[PDB]
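Note that ligands are numbered from 1 as they come in the structure, with each ligand's atoms numbered from 1 the same way. Each residue takes its place number in the sequence, starting with 1. The basis for the numbers below is simple: all heavy atoms, side chains too, and nothing from hydrogens, waters or symmetry mates.
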Amino acid sequence: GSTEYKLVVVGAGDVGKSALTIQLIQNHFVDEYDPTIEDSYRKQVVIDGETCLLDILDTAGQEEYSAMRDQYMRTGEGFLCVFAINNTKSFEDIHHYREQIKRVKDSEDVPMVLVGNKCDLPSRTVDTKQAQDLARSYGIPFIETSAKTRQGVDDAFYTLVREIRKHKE
Ligand SMILES: C=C1CN2CCC[C@@]2(COc2nc(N3CCN(C(=O)/C=C/c4cccc5c4CNCC5)C[C@@H]3C)c3cc(Cl)c(-c4nc(N)cc(C)c4C(F)(F)F)c(F)c3n2)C1
Ligand SMILES: Nc1nc2c(ncn2[C@@H]2O[C@H](COP(=O)(O)OP(=O)(O)O)[C@@H](O)[C@H]2O)c(=O)[nH]1
Ligand SMILES: [Mg+2]
């Protein structure tokens with residue numbers, strides 16, 4: 001069968017989790033999507049010769065730490081940690097997302113990619129070098145994306161898949 005990869009998209013409200021997910025799956029930019037709608041999306045794609053089923057969870061809605069919520073997030077094999085390059089608070093929030101991911105996975109080594117979204121915008125408050133440097137601090141890859149222009153969208157998800165393979169081996 002297809003090799004399945006459970007990918008989870010996380011990060012602050014309004015960074016573009018939904019727009020990124022919809023661009024990957026449906027190949028168009030949706031600039032407006034209810035921020036409480038959380039759903040799973042699936043795509044058949046070949047990545048480095050391997051036929052893959054991508055199962056992508058677009059997180060949304062309320063922050064909460066029930067056992068049921070942890071159990072759901074725990075099924076993710078790798079995580080896209082998304083901030084917006086024009087929102088410094090979303091960048092500052094990243095450590096919190098990373099802390100929660102390590103917690104539910106019961107491991108200090110979880111496949112993760114730092115994603116700086118909205119790179120089409122002329123004004124930016126988080127420079128590329130600062131974000132590249134934070135990824136190096138964490139030991140994870142960094143990808144700049146725009147759900148609007150498609151820049152880096154495949155790169156970000158496919159890099160996460162490659163990180164999962166490395167962890168499994
Ligand atoms: C420093 C902090 C701690 N908090 C204090 C406040 C800020 C912060 C949030 O923190 C914070 N938020 C989270 N939500 C809420 C905000 N949101 C949004 O999209 C909101 C959109 C929205 C909703 C309603 C109205 C509007 C909007 C946006 N438009 C305008 C109107 C992103 C995400 C769903 C959030 C979500 C999740 Cl799944 C998790 C998480 N949970 C677990 N149990 C286990 C694991 C492994 C994780 C994760 F790691 F895998 F993710 C978190 F941990 C989260 N954490 C950040
Ligand atoms: N310019 C630009 N705007 C974006 C991009 N991705 C999302 N947005 C906008 O950012 C806002 C929040 O996007 P959304 O996908 O709902 O973020 P979410 O809350 O993380 O799911 C909306 O106004 C989108 O139009 C992008 O790559 N570039
Ligand atoms: Mg959303």
Side-chain angles (χ1 to χ4, degrees), residues 5-42 54-128 131 134-135 138-140 142-157 159-160 163-164 167:
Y5 292 96
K6 282 176 151 42
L7 312 182
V8 179
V9 184
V10 312
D14 297 309
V15 303
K17 307 181 286 295
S18 292
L20 278 171
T21 302
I22 294 163
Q23 178 69 252
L24 178 79
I25 298 295
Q26 297 185 1
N27 208 36
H28 63 159
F29 178 48
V30 167
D31 67 14
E32 185 183 5
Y33 200 74
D34 188 318
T36 71
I37 294 182
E38 168 171 305
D39 232 307
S40 298
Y41 289 78
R42 298 164 81 91
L54 302 190
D55 184 8
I56 301 170
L57 175 59
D58 172 29
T59 62
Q62 256 49 229
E63 180 180 7
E64 57 115 333
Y65 301 99
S66 67
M68 198 213 66
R69 186 60 167 166
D70 284 350
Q71 181 176 332
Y72 192 46
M73 298 299 298
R74 189 168 291 122
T75 62
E77 280 179 287
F79 297 77
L80 285 191
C81 299
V82 188
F83 68 100
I85 63 166
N86 66 338
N87 192 286
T88 301
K89 175 65 160 59
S90 73
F91 185 64
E92 289 163 354
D93 283 353
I94 291 293
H95 83 86
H96 161 80
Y97 290 90
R98 183 168 169 80
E99 296 165 11
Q100 299 310 299
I101 292 164
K102 295 191 199 166
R103 174 182 63 76
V104 307
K105 298 303 287 183
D106 300 80
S107 54
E108 298 300 308
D109 188 12
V110 180
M112 271 182 42
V113 177
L114 184 65
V115 172
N117 188 44
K118 315 192 181 184
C119 70
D120 55 286
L121 289 183
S123 67
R124 167 196 296 253
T125 57
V126 183
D127 40 305
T128 300
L134 182 64
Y138 292 156
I140 65 175
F142 172 63
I143 303 293
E144 286 195 332
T145 66
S146 169
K148 182 164 174 175
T149 70
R150 306 182 175 158
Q151 166 171 351
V153 176
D154 285 355
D155 288 351
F157 288 90
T159 294
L160 185 61
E163 292 292 290
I164 294 173
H167 167 276

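Interface of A19 with ligand 2, defined as ligand atoms under 4.0 Å from a residue heavy atom, comprises 6 (N), 7 (C), 15 (O). Of all the atoms in ligand 2, the ones that sit under 4.0 Å from a non-hydrogen atom of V15 are 17 (O), 20 (O). Every atom of ligand 2 is numbered from 1 in the order shown, and the set under 4.0 Å from a heavy atom of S18 is 15 (O), 21 (O). Atom numbering of ligand 2 starts at 1 in the shown order; those under 4.0 Å from a heavy atom of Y33 are 16 (O). Proximity to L121 (heavy-atom distance under 4.0 Å) selects the following atoms of ligand 2: 1 (N). Near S146, meaning under 4.0 Å from one of its heavy atoms, ligand 2 places the atoms 27 (O).
Here the straight-line distance linking atom OG1 of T59 with atom CG of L80 works out to 10.0 Å at 0.5 Å rounding. The distance from the OG1 atom of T145 to the CZ atom of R150 is 14.0 Å, given to the nearest 0.5 Å. Interatomic distance, CG of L7 versus CG of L57, reported as 10.0 Å (0.5 Å rounding). If you take CG on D154 and OG1 on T159, they are separated by 10.0 Å, rounding to the nearest 0.5 Å.
A donor-acceptor pair shorter than 3.5 Å can be found between the side chains of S66 and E64. Residues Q71 and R74 have side chains that never bring a donor and an acceptor to within less than 3.5 angstrom of each other.
Looking at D120 and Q151, their side chains never come closer than 4.5 Å, going by heavy atoms from C-beta outward. Looking at heavy atoms from C-beta onward, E163 lies out of side-chain contact with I140 at the 4.5 angstrom threshold.
The two residues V15 and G11 have their closest heavy-atom pair at CG2-C, 4.3 Å.
Within a radius of less than 2.8 Å around the Mg ion (ligand 3), the protein N, O or S atoms are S18 OG.
With a heavy-atom cut-off of 4.0 Å, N117 touches ligand 2 through its side chain alone. Here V82 has no heavy atoms under 4.0 Å from ligand 2, in either its backbone or its side chain.
Ligand 2 lies within reach of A12, whose nearest heavy atom is under 4.0 Å from it.
More than 12 heavy atoms of other residues, nucleotides or ligands lie within 6.0 Å of NZ in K105, so this atom counts as buried by the packing criterion.
The closest non-hydrogen atom to atom 25 (O) of ligand 2, taken over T36, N86, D120, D31, comes from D31.
Inclusion of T145 in the set of residues having an N or O under 3.5 Å from an N or O of ligand 2 is not warranted. At least one N or O atom of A147, backbone or side chain, sits closer than 3.5 Å to an N or O atom of ligand 2.
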Next item on the list: For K148 and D31, run side-chain contact (heavy atoms from CB on, under 4.5 Å): C-alpha distance rounded to whole Å, both residues' side-chain angles, the deciding distance at 0.1 Å, then the answer.
Entry: CA-CA 8 Å; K148 182 164 174 175; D31 67 14; over 6 Å; no
Margin query: Let's go through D58 and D39 carefully: what are the C-alpha distance in whole Å and the side-chain angles of both, what is the deciding distance for side-chain contact (heavy atoms from CB on, under 4.5 Å) to 0.1 Å, and is it a yes or a no?
Written below: CA-CA 6 Å; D58 172 29; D39 232 307; 5.9 Å; no
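Among protein heavy atoms, atom 10 (O) of ligand 2 sits closest to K118 NZ, 3.1 Å. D14 N, 2.9 Å is the protein heavy atom nearest to atom 19 (O) of ligand 2. Of the protein's heavy atoms, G16 CA, 3.8 Å lies nearest to atom 13 (O) of ligand 2.
Between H95 and the options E99, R98, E92, a side chain to side chain donor-acceptor pair (under 3.5 Å) holds for only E99.
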Can you give me a line-by-line list of nitrogen or oxygen pairs between ligand 1 and the protein shorter than 3.5 Å?
{"residue": "ligand 1", "atom": "4 (N)", "partner": "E63", "partner atom": "OE1", "Å": "2.9"}
{"residue": "ligand 1", "atom": "4 (N)", "partner": "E63", "partner atom": "OE2", "Å": "3.3"}
{"residue": "ligand 1", "atom": "10 (O)", "partner": "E63", "partner atom": "OE1", "Å": "3.3"}
{"residue": "ligand 1", "atom": "10 (O)", "partner": "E63", "partner atom": "OE2", "Å": "3.3"}
{"residue": "ligand 1", "atom": "10 (O)", "partner": "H96", "partner atom": "NE2", "Å": "3.4"}
{"residue": "ligand 1", "atom": "12 (N)", "partner": "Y97", "partner atom": "OH", "Å": "3.1"}
{"residue": "ligand 1", "atom": "19 (O)", "partner": "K17", "partner atom": "NZ", "Å": "3.0"}
{"residue": "ligand 1", "atom": "29 (N)", "partner": "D14", "partner atom": "OD1", "Å": "3.1"}
{"residue": "ligand 1", "atom": "29 (N)", "partner": "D14", "partner atom": "OD2", "Å": "3.1"}
{"residue": "ligand 1", "atom": "43 (N)", "partner": "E64", "partner atom": "O", "Å": "3.2"}
{"residue": "ligand 1", "atom": "43 (N)", "partner": "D70", "partner atom": "OD1", "Å": "2.9"}
{"residue": "ligand 1", "atom": "55 (N)", "partner": "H96", "partner atom": "NE2", "Å": "3.0"}

